[PDB]
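> Experimental structure below, sequence on top.
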Amino acid sequence: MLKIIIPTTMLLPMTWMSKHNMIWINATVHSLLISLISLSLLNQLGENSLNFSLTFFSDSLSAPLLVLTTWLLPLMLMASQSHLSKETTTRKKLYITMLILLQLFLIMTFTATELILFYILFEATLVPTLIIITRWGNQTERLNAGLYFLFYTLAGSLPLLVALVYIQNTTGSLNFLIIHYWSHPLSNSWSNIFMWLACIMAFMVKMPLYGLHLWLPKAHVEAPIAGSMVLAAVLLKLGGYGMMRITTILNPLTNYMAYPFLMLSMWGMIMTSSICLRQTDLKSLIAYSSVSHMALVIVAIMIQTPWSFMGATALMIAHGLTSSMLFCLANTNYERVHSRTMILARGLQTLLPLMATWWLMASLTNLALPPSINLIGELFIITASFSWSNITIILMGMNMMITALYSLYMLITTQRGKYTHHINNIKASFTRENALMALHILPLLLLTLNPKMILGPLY
Amino acid sequence: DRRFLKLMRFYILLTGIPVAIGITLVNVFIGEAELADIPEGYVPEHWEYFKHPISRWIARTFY
Amino acid sequence: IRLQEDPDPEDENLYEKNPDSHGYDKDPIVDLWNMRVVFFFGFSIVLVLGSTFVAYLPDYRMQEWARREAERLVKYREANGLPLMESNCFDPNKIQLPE
Amino acid sequence: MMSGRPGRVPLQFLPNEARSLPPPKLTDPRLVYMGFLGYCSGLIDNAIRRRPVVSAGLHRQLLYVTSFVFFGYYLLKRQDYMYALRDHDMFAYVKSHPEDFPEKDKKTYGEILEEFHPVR
Amino acid sequence: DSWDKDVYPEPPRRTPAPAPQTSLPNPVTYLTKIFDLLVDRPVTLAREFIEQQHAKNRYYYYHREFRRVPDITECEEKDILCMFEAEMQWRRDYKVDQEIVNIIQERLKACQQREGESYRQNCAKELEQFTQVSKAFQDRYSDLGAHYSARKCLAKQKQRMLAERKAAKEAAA
Amino acid sequence: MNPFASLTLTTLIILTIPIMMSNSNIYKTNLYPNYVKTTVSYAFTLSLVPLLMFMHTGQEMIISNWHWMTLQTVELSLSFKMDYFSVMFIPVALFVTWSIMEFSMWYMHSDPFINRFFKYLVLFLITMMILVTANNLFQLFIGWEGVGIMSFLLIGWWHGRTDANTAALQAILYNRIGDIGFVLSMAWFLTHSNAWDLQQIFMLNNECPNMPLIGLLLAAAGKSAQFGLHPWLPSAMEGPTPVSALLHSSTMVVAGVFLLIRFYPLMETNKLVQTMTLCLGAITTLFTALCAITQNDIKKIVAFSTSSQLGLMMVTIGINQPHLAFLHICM
Amino acid sequence: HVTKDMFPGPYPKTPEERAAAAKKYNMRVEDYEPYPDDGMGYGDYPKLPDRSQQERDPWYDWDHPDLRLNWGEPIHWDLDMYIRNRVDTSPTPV
Amino acid sequence: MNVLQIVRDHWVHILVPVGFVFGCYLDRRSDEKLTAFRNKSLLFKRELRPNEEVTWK
Amino acid sequence: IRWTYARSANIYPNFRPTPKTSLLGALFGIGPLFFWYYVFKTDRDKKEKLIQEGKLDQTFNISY
């Protein structure tokens, strides 16, 4: 994977000694080239993960996330061009360095071989985002935002470290290939429950899970837009990639202690989706929407069925493209109106034709029209959960109905209706943010044509 | 907004119709292959076990 | 006014002095060049040729081989009076059962 | 785990006994990374000293990388020596004490009673 | 067709030759006739180009083979070499077994339309043939879990085989 | 078999061509409404021919060509089952839309987005045809939500119309309530029957379809404006008058009823589930007509009558009159 | 342009601070009436009449006729479900 | 035509391509490090023809 | 801004540990999770109790 790693780190010298105006052009073009090179990673064998090196390996689960990160990186590059114009060149290059460093840690995380190496770069993503959230934020609270996001993830991260090093002393290795191949049943000894626990809350705190999610509304609604997408699109999914990994050994414990988190989640998305319907800030809805969508994933991983894992993977990638779009969409409105209140700028279809479309299928992908990959992930979860328990259907079915309730609500309360006559600064929609939405949406329908590439290794 | 839309189709069709022409040309100038019993004395190369020649070419040059 | 600070500058719109710009940056010549190159790279070969690459990828998880090999022993089971597929993946004779 | 092993001459960086081991290759990624540490140190030097960072005095920069690789080289030679010593007392003690590390026979999968937990 | 009836059994097709005693001639007959010689004729010769071009340069593609390796039952614990071979062999057998279920469903589904309203009585043979395959599939690979493996299936096979062994002794009484 | 199935495939793609030309921004937006007329009228014209052999020999088949998902044991492919119901409904649907948007050209002409307007009726038409020309519930689900979001946009044709936005909000909301049963049936079929295509589900002999039948019943209840799921259908009248002579006029409301007759092989099995349909259908006939009896509108009253009618044919489905119900729908 | 005094304060107890929030929230002294102090955190926000936007008179020159609101005037804490599209509290003849 | 600016402007633009080929150089510097069992897995135990002397490189 | 700030910021500074608030916190807190815990546990226990001796309808279910 150094055919991706080496060019990615080579973006640092190139972006750090380019001209004072070419930093945006240079970073965007070669990051896209990295995305094209990363597209070759879509190739997967029947069941053998691509073992490029001793310390790097990939399969049908890592690559779709890998392409998601690499494809994403130019998207914040173009999104940040708007509000980063009024800055010095050296600080601007510092911003680009954080994004590239964030990307580089992401690729190493997904391509990691053993759990400890995965853990190091996994957590290492906290540092670049911590600077992004805090240094370049917009409001006073961002200082409290960073601490909330940092400690929450760390509070669960440290128990996993103790459990991980404990794995090495007991099993003899932490390599994922050996762990799955040398998998042994886990006893129900009272120590083993905490052993199971210490490998879980690390992944579910950043999912986020119901209860342990408050950093999500306190960061995504408050981070800079560029940091907002990568947080929602991929960073939450870091728990997903880990959980499919760590569950290979933590069996058959999952049968019992999934329950306290299952209905914690099962009552979760319905509860969270209710909060989304009754927000006042724009970005607060999508943030609360993200945990709601992430909640069905938690059930998908934990239930441990092949169908749910495919549904987990599809919903994971689909939500990333979606949540990035709505966060980008909110940023476009926030920039002109200098706020994020929902009913502040209702009724803008008459002035924003193309935006009103970009609202339209972005919300529809949030409603998950058929046959968008959102349903393909969502429906697979439903069938797996129903096979587990019939009474499941009412809950998340009601959730995706209250999900439908709000997912038109901002469409009504941002585009439908009459403009505000005192507002007179909604200028012609610039092609930059405009083309940004195009690059968000077309891969969604393109992947809809051939979804078979994003169901993970269980397909 | 119209500047958007013609810029997409122009740039989409810039490499859109050439590869569209190339794929159609390949289908009607080289076609596909046919199943075999693996004639003895020669093991198939890595790109031999594929139907579409473009897929064979992709595996030939990259995989 | 103890904190001597300049007043909040009004946000600039990309189209005031550059109506035909693309909303990328201030200097025009690279603003088109930026637009030309992102509009090139994004929706072109990264998108189009990328789509052909994945669509025309070689055998993905070997399902054509699955069908070809499936038809072979589908015939074999149907030929010599055998069920299409047995109930034991591993032969029950080699497994030494305890007791 | 090694300061009490017999024959350990004190304050002696690389034992003459250690010369029987493969010297670290010059291309060794561990070694070249330590060269980058020298490169990074040079850039930090010009930053505090308010100098043209990358394009500032190369002699100050080139000294940093040249120093780091050298002290990197012997540290890497000492690296494998101790690890080799760990692997030397490894097997000599295993052979000296055979009974506490018995040989395990083969009890292949066809005979184990290991159960299948129904994942439903 | 490339496929044969041993794989995909196609019930024989009969044609109820008409007898239009009515005064008016049938409208379908020449409606299909015109559809034939205004659309099919241009595409038949066009296909002749496509078929003749394929004959001009006909390359070859073969079928990937797989030499059988020792099974997980005969494989060694903590030995990563042999049991990896048995693991991959088991996974391929799973993929083939998945496609066996696919074919029998395809044959079964093809039966239903062929017999039309008589599917209830004329598709029982294909239904039971799929039924025993599905039942064999359920004790074969079902319930293993998302992290299924050769050792996991072997435990299920051993669990089923010891349960029936105990049942057989119980039946002996 | 050389005609018919191929002709149906020709009919359902030529209706997409206006959208393809519309999104290609090469079409002329001025005569596009008239261009839409020619497309729909022609698409109706090629819709008559697939009837001819069905009258002649009554042949029926299923077209499944391009395999989408393998999903281990459950392969997925786009598939249209052309049976008695689907075959003769296409000309009925095609003739209706051609006439109603013929009227709508004169009526719906005092609006800047009449080009975008007529395009929306086209985007309804292929979604509805996707629903009726379906072989697995997922494609019908594709059309189900497609028309529902289509009504959402069409009902809220005036984005400044507050009442239309509420009606559209109620329009999808009740429609999503119906899909809860669709999802319930979706999960049961993939679990107990392990199938999605219509043919396999019927012939697997699911003689215990109790919960699926309730799920099917709930789906039709939301789509066909049953009691408790009725008021969106009157609410849809808030939009432009042609829009009321559209999806919710008699087209989209009967989609759930079309689903009911679709699953008639298993629908008759449970007398209980067989009963609750004609109950709710009967209550709709009384209640909606009762509201229309003392009322002060025109479109609303005939909208209430439609719900009363929409309660009528699936009462007959409740008494096991599937084909007779489908005849009633087209009438 | 923003300060704590015109920011929403804690739950008002003394009558002078009731007047203090009255000028900040832009009503008169008798028109200020905060929510009950049951610990729900509403604090200084006044319990405005339990009405909906549908009850508002269309004929009045609203600064936001799309929802029938006016600039500067105080709004309801629970305005969101009490707007024209959502639940309405207008009287019914029955 | 201003030889200085053309290279000076675009000298940073080759950094990613050289990294790519360098990246493609060393990841396949890895296979010869992981030679071990070549044509030794009995599943792919292929008898070496006289023409070639190696299975893969 | 008064509505948003009071609906977002000034709830905790005005929040009180009042027994009423803890009461509604309790019944809307652990309540519903224990509600659905018992429901799903009872469903799973009632469902599971017939799998181990073959009393369910599973013959045509080989996907999960």
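That came through fine. Residues are numbered from 1 along each chain as shown, chains lettered A, B, ... in the order given.
> now residue F:310, what's its secondary structure?
helix (DSSP: H, G, I helix; E, B strand; the rest coil).
> ok, longest helix in the chain?
Since no chain was named, I'll use chain A. Longest helix of chain A, by residue count under DSSP state H: helix A:306-337.
> um, chain I though
helix I:30-48.
> if we can go back for a sec, how about the longest helix of chain A, does it get close to chain I?
Yes - Helix A:306-337 is in contact with chain I by CB under 8 Å from any CB of the partner chain, via A:306-307. C-beta here means a position set from N, CA and C on the backbone, and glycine is covered the same way.
> just to revisit the earlier point, is the longest helix of chain I positioned near chain A?
Yes - counting by CB under 8 Å from any CB, chain A has neighbours in helix I:30-48: I:32-33, I:36-37, I:39-41, I:43-44, I:47.
> any chance of these in JSON lines, with neighbour count and distance to residue A:71 too?
Output for those, formatted as JSON lines (neighbours: other CB atoms under 10 Å in any protein chain shown; distance: CB to CB, whole Å):
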{"residue": "I:32", "neighbour count": "15", "distance to residue A:71": "39"}
{"residue": "I:33", "neighbour count": "20", "distance to residue A:71": "38"}
{"residue": "I:36", "neighbour count": "20", "distance to residue A:71": "38"}
{"residue": "I:37", "neighbour count": "18", "distance to residue A:71": "41"}
{"residue": "I:39", "neighbour count": "15", "distance to residue A:71": "42"}
{"residue": "I:40", "neighbour count": "20", "distance to residue A:71": "38"}
{"residue": "I:41", "neighbour count": "14", "distance to residue A:71": "43"}
{"residue": "I:43", "neighbour count": "15", "distance to residue A:71": "42"}
{"residue": "I:44", "neighbour count": "16", "distance to residue A:71": "41"}
{"residue": "I:47", "neighbour count": "16", "distance to residue A:71": "42"}
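> Can you add distance to residue G:68 and give those back as TSV?
Listed next are the residues of helix I:30-48 next to chain A as TSV, based on distance: CB to CB, whole Å:
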residue	distance to residue G:68
I:32	37
I:33	41
I:36	41
I:37	46
I:39	44
I:40	46
I:41	50
I:43	48
I:44	52
I:47	53
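> Restricting to those residues, which residues neighbour chain F?
Applying CB under 8 Å from any CB to the residues of helix I:30-48 next to chain A, none is adjacent to chain F.
> From those residues, pick the one nearest chain F.
residue I:47 (12.4 Å; CB to the nearest CB).
> residues in contact with the closest one?
A:389-390, I:56 (CB atoms under 8 Å, 6 or more residues apart in numbering or on different chains).
> Most neighbours among those residues, please name it.
When neighbours are taken as other CB atoms under 10 Å in any protein chain shown, the top entry among the contacts of residue I:47 is residue A:389 (18 neighbours).
> ok, now how distant is the closest residue to that one other than its chain neighbours from chain B?
Sequence neighbours aside, residue I:43 is the residue nearest to residue A:389 in space, at 5.2 Å (criterion: CB to CB, 6 or more residues apart in numbering or on different chains). Remark: distance between residue I:43 and chain B (CB to the nearest CB, to the nearest Å) = 48 Å.
> Am I right that residue I:43 is in contact with residue A:385?
No - between residue I:43 and residue A:385 there is no contact under CB atoms under 8 Å: 11.8 Å.
> count of residues packed around the residue nearest to residue I:2 when sequence neighbours are not counted?
Of all residues not flanking residue I:2 in the chain, residue G:8 sits nearest, at 6.0 Å (CB to CB, 6+ apart). Residue G:8 has 23 neighbours, counted by other CB under 10 Å.
> helix or strand for residue F:77, which one?
Assigned by DSSP states H and E, residue F:77 falls within strand F:76-82.
> quick one: buried residues of that strand?
F:76-82 (16 or more other CB atoms under 10 Å in any protein chain shown).
> element containing residue 8?
In the absence of a named chain, chain A is used. helix A:2-16.
> The chain in question should be chain H.
Residue-wise, residue H:8 maps onto helix H:3-10 under DSSP H and E.
> List the contacts of the helix or strand that comes right after that helix.
Under the assignment DSSP H and E, the closest C-terminal helix or strand after helix H:3-10 is helix H:15-27. When contacts are defined by CB under 8 Å, 6+ apart, helix H:15-27 is touched by residues A:1-7, A:9-11, A:13-14, A:30, A:33-34, A:37, A:52-53.
> before we move on, what about stretch D:102-113?
C:94-96, C:98, E:72-77, E:83, E:151, E:154, E:158, E:162.
> for chain H, what are the nearby residues on chain C?
So chain C never meets chain H (CB under 8 Å from any CB).
> OK, now which residue of chain C is nearest to chain A?
residue C:23 (2.3 Å).
> need the contact list for residue 61.
Using chain A here. A:241, A:244, A:313, A:456-457.
> Oops, wrong one, chain E.
Residue E:61 touches B:32-36, B:44, B:48-51, B:56, counting by CB under 8 Å, 6+ apart.
> which of those sit farthest apart?
Taking CB to CB, the two most distant members of the contacts of residue E:61 are B:32 and B:44; they sit 15.8 Å apart.
> Any idea how many residues pack against whatever residue of chain C ends up closest to chain D?
Here chain C gets closest to chain D at one residue, residue C:96, 4.3 Å apart by CB to the nearest CB. A total of 12 residues lie near residue C:96 under the criterion other CB under 10 Å.
> ok, now residue F:297?
12.
> Show the contacting residues for it.
Taking CB under 8 Å, 6+ apart as the test, what residue F:297 contacts is residue F:237.
> For chain G, which residues are neighbours of chain F?
Residues of chain G lying near chain F by CB under 8 Å from any CB: G:66, G:84-85.
> do that again at 7 Å, thanks
Counting by CB under 7 Å from any CB of the partner chain, the residues of chain G close to chain F are G:84-85.
> Show me what residue of chain B gets nearest to chain I.
residue B:51 (28.0 Å).
> Nearest residue to that residue in space, please, no chain neighbours.
residue B:32 (5.1 Å).
> Tell me the secondary structure at that neighbour.
Taking three-state DSSP, the label given to residue B:32 is coil.
> what's the spacing between it and residue A:435?
From residue B:32 over to residue A:435 the distance is 38 Å, taken as CB to CB, to the nearest Å.
> What strand or helix carries the spatially most central residue of chain E?
By CA atoms, centre = their mean, chain E has its centre lying nearest to residue E:103, at 1.3 Å. Using DSSP H and E, the element containing residue E:103 is helix E:80-115.
> same question, residue B:44
Using DSSP H and E, no helix or strand contains residue B:44.
> That one - how many residues pack around it?
So residue B:44, with other CB under 10 Å, has 17 neighbours.
> Identify the residues contacting the closest residue to it other than its chain neighbours.
Among residues not flanking residue B:44 along the chain, residue E:62 sits closest, at 4.7 Å (CB to CB, 6+ apart). Neighbour list for residue E:62: B:36, B:38, B:44, B:48-49 [criterion: CB atoms under 7 Å, 6 or more residues apart in numbering or on different chains].
> Same check on residue A:403?
A:273, A:292.
> Tell me which residue in chain C sits closest to chain I.
Closest point on chain C to chain I, by CB to the nearest CB, is residue C:85, at 11.3 Å.
> That residue and residue E:98, how far apart?
For residue C:85 relative to residue E:98 (CB to CB), the value is 10 Å.
> does the residue in the stretch 51-200 of chain A positioned nearest to chain F sit in a helix, a strand or a coil?
Relative to chain F, the nearest point of the stretch 51-200 of chain A is residue A:60 (13.5 Å; CB to the nearest CB). What three-state DSSP gives for residue A:60 is coil.
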